[PDB]
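We count ligands from 1, going down the list as the structure has it; atoms in each ligand are counted the same way. In what follows, every chain begins at residue 1, and chains take the letters A, B, ... in the order their sequences are listed. Side chains are part of it too, since the values below use all heavy atoms of this structure and drop only hydrogens, waters and symmetry mates.
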Protein chains: 2
Amino acid sequence: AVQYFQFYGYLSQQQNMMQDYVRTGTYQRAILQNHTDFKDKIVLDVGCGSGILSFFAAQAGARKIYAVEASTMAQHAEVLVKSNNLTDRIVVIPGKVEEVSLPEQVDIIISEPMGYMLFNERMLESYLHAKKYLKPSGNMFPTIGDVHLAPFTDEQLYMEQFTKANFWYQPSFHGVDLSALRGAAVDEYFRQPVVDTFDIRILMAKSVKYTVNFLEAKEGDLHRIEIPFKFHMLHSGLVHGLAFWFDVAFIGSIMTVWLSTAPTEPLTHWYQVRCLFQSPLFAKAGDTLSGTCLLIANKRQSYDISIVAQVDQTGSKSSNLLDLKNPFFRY
Amino acid sequence: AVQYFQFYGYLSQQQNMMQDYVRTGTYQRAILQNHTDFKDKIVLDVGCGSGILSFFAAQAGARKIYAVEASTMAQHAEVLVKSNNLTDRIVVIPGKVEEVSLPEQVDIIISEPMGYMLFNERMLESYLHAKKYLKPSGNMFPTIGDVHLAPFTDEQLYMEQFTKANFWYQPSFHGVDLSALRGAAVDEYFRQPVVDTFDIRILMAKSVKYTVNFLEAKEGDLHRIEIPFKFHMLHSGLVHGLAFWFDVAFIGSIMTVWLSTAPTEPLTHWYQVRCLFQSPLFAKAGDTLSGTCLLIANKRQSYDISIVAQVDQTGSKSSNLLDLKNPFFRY
Ligand SMILES: N=C(NCCCN(CCNC(=O)NCc1ccccc1)C[C@H]1O[C@@H](n2cnc3c(N)ncnc32)[C@H](O)[C@@H]1O)NC1CCCC1
Ligand SMILES: N=C(NCCCN(CCNC(=O)NCc1ccccc1)C[C@H]1O[C@@H](n2cnc3c(N)ncnc32)[C@H](O)[C@@H]1O)NC1CCCC1
Ligand SMILES: [Ca+2]
Ligand SMILES: [Ca+2]
Ligand SMILES: [Ca+2]
Ligand SMILES: [Ca+2]
């Protein structure tokens with residue numbers, strides 16, 4: 001937890017995030033095409049970092065913006081507020097949104113709480129917690145989140161996991177036989193979600209959607225997330241795992257603006273995420289691939305991912321337990 | 001601390017370390033050219049990881065080897081001990097060397113406790129702590145450590161720090177003026193030690209040495225390490241900072257074997273480390289560059305690095321406080 005706020009304390013991290021053109025431009029467009037929703041309103045900016053969303057709120061005419069930031073990035077936001085001549089309008093409050101005091105309720109909460117697969121980092125729990133400060137007529141920006149799942153075929157990725165583990169086949173590494181660890185090494189590679197982009201041609205079925213409505217949802221809804229799926233296979237081949245991406249919608253008065261990290265859309269720094277099965281499933285076009293993705297929040301600010309899939313027509317089944325805290329960055 | 005043992009729990013980390021050819025080959029050569037020092041002896045392997053050094057001890061004829069490992073890598077070492085038919089000779093003890101019980105004192109302690117700049121990670125403190133289990137005739141492998149410091153000239157590295165920070169000059173980043181943060185960003189880049197290799201031609205003076213004798217030294221000797229230096233400048237130019245590397249010596253009966261991470265030597269995964277000054281010093285050939293490097297152990301398993309240097313002939317002086325827990329990996 002002291003490791004999490006240190007890492008977000010670095011101007012190099014804020015720079016890397018601000019250089020995501022889709023992320024920065026989409027938030028500006030969401031807030032400013034919906035400027036009447038901000039005009040003379042009160043705004044809470046949760047995990048504000050450098051404060052850019054507070055500035056966007058100010059561009060839209062907000063009367064008062066409370067910018068809450070738990071890391072030492074708070075003192076840098078304060079410097080930009082003074083230097084952009086907005087001390088009367090933007091108030092930086094150093095601390096966790098759970099532990100700080102605001103003097104008044106707000107019309108609108110803005111935030112960027114999305115991790116890889118949306119739920120990673122569980123700053124979503126802090127976004128929902130912040131609703132205690134929201135007037136009952138109030139909005140949230142973003143408003144809803146959709147996670148997309150789809151089965152994929154990628155024998156290169158699958159085989160790459162075996163190739164990495166084949167170091168451990170050496171029967172004489174300096175007179176030591178490593179081979180009894182090859183299986184454990186394979187296992188550990190397969191437990192890593194793969195973060196990179198891929199061509200949509202590798203998807204074998206249309207995605208299924210799981211929606212979180214941030215206006216209605218509560219902190220506890222996210223300890224255990226259950227995503228049942230029935231896929232109508234559009235292609236015949238080995239299914240090597242499930243691909244994940246997410247969309248969030250900023251639902252204003254004037255306009256609904258979407259931020260999409262789909263593989264059909266321009267690349268973002270969220271990329272997309274793939275979880276391999278231990279063992280691939282053969283499916284023909286016309287078969288159904290059914291099962292559950294389960295996300296269980298662990299006391300390490302992340303999620304255990306359980307995936308179970310079965311081809312209904314053959315009963316060929318495959319699973320994996322993956323660890324969203326040890327991603328493999330293949331990009 | 002739960003983050004440190006998790007990270008060393010991964011077979012991919014053990015593989016990456018074993019693929020350091022100089023590291024693996026030098027340890028095998030040290031232990032096996034000095035096999036009479038192991039023949040029928042008792043051995044403590046501190047932070048054994050996968051157990052390779054215990055296997056080297058066994059190749060040399062050791063009677064009993066206690067392999068202590070605090071991470072879940074312990075259960076993988078146990079698998080290799082069973083599969084290499086050595087359960088009578090190698091005993092894996094899961095836990096910290098500080099908290100576990102050995103039934104007998106040992107003739108020799110072996111370990112790989114060197115971090116970047118030698119002291120990084122402070123597993124050296126665990127190596128010295130282990131001496132409570134060492135017979136008074138006992139040896140330590142490795143036996144001594146030398147840290148080397150030398151001044152360097154590298155205007156490309158120096159200027160690269162400004163180039164990175166120039167993102168923050170933008171007077172209209174989406175209608176926000178970032179420029180008041182440019183200085184803080186420069187500052188933060190200069191506080192990162194640079195981990196990569198370089199051509200010896202960039203060194204401006206012969207290195208100075210600071211020796212740790214692991215046989216004599218005690219845990220507390222490493223809370224505060226003071227490295228005074230007087231450099232006789234061999235070249236005329238800007239001195240942009242200090243370069244660091246280290247050598248350890250395995251001093252056996254038969255042979256002293258050196259593991260060197262010097263820039264004249266074959267590359268290792270320790271690379272070398274450079275700390276920039278805020279401001280470079282002009283020195284002519286014949287001048288003396290004098291000052292102190294100070295390492296202060298912080299409660300984050302790392303060191304605050306203080307560097308002060310002055311050209312005696314001009315009194316031009318320069319400093320930096322660097323953070324060995326936020327290295328920049330430039331390689
Ligand atoms: N996006 C992520 N991760 C999401 C979380 C980051 N988050 C948002 C960064 N705020 C940001 O850039 N804002 C400006 C911006 C936003 C959008 C567009 C342009 C500019 C983390 C931030 O919340 C803070 N925090 C965590 N828990 C708490 C708490 N309890 N209370 C208060 N603050 C808390 C943290 O210290 C930190 O400042 N990763 C990368 C993938 C690609 C894009 C970037
Ligand atoms: N070398 C490092 N870092 C140094 C520390 C690593 N260290 C040695 C890895 N042991 C290793 O590879 N051995 C085999 C080997 C050795 C040499 C040659 C071939 C094979 C960390 C290990 O000690 C453990 N630990 C930490 N604190 C404690 C404790 N209190 N008690 C007990 N164990 C503790 C940890 O969990 C872990 O298993 N980094 C890279 C730079 C280039 C080379 C690799
Ligand atoms: Ca503005
Ligand atoms: Ca060999
Ligand atoms: Ca052996
Ligand atoms: Ca712009």
J.: Assess, by modelled atom type and distance only, whether the side chains of A:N166 and A:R182 contain a donor and an acceptor separated by less than 3.5 Å.
T.: yes

J.: Any atom of ligand 1 sitting under 4.0 Å from a heavy atom of A:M114?
T.: yes

J.: Give yes if a backbone or side-chain nitrogen or oxygen of A:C48 is under 3.5 Å from a nitrogen or oxygen of ligand 1, and no if not.
T.: yes

J.: Using a plain distance cutoff, I'd like to know if A:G47 has any nitrogen or oxygen under 3.5 Å from a nitrogen or oxygen of ligand 1.
T.: yes

J.: For A:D247, is there an ion pair with A:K209 - N to carboxylate O distance below 4.0 angstrom?
T.: no

J.: Just heavy atoms, cut-off under 4.0 Å: does A:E98 contact ligand 1 by side chain, backbone, both, or neither?
T.: side chain

J.: Quick check: A:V97 and ligand 1, any N/O pair under 3.5 Å apart?
T.: yes

J.: Distance under 6.0 Å and angle within 45° of the ring axis: does B:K164 meet both against B:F328?
T.: yes

J.: Compute the minimum heavy-atom distance from A:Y116 to ligand 1 and say whether it is under 4.0 Å.
T.: no

J.: Which of these, A:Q19, A:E112, A:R23, has its nearest heavy atom closest to atom 1 (N) of ligand 1?
T.: A:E112

J.: Using a 4.0 Å cut-off to any heavy atom of A:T24, which atoms of ligand 1 qualify?
T.: 19 (C)

J.: Show which atoms of ligand 1 fall inside a sub-4.0 Å distance from at least one heavy-atom site of A:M123.
T.: 23 (O), 25 (N), 26 (C), 27 (N), 28 (C), 33 (N), 34 (C)

J.: Counting heavy atoms only, which part of A:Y8 comes closer than 4.0 Å to ligand 1: side chain, backbone, both or neither?
T.: side chain

J.: If you count the atoms of ligand 1 from 1 in the order shown, which ones are under 4.0 Å from a heavy atom of A:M17?
T.: 44 (C)

J.: Any luck finding a side-chain donor-acceptor pair between A:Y116 and A:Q272 under 3.5 Å?
T.: no

J.: Applying side chain to side chain contact (heavy atoms under 4.5 Å, CB included), can you list everything that pairs with A:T268, at least two apart in sequence or on another chain?
T.: A:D20, A:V22, A:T261, A:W270

J.: With a cut-off of 3.5 Å and sequence neighbours excluded, list every side-chain donor-acceptor pair involving residues 74-82 of chain A.
T.:
residue : atom : partner : partner atom : Å
A:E78   : OE2  : A:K82   : NZ           : 2.7

J.: Among A:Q28, A:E69, A:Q14, which residue places a heavy atom closest to atom 38 (O) of ligand 1?
T.: A:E69

J.: For the aromatic rings, using the six-membered ring if either is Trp, is the centroid distance between A:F38 and A:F141 under 6.0 Å?
T.: yes

J.: Indicate yes or no: does B:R191 engage B:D323 in a salt bridge with an N to O separation below 4.0 Å.
T.: no

J.: Please confirm whether A:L53 comes under 4.0 Å of ligand 1, counting heavy atoms of the residue only.
T.: yes

J.: Please report whether ligand 1 has a polar contact with A:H269, defined as an N or O pair separated by less than 3.5 Å (distance criterion only).
T.: no

J.: Are A:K131 and A:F214 in a cation-pi setup, meaning NZ or CZ lies under 6.0 angstrom from the ring centre and within 45 degrees of the ring axis?
T.: no

J.: Looking only at the side chains, is there a donor atom on one of A:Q28 and B:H174 sitting less than 3.5 Å from an acceptor on the other?
T.: yes

J.: Out of all atoms in ligand 1, which are within 4.0 Å of some heavy atom of A:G95? Include the element for each.
T.: 32 (C)

J.: Which of the atoms in ligand 1, numbered in the order shown and given with their element, are less than 4.0 Å from a heavy-atom of A:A70?
T.: 32 (C), 33 (N), 34 (C)

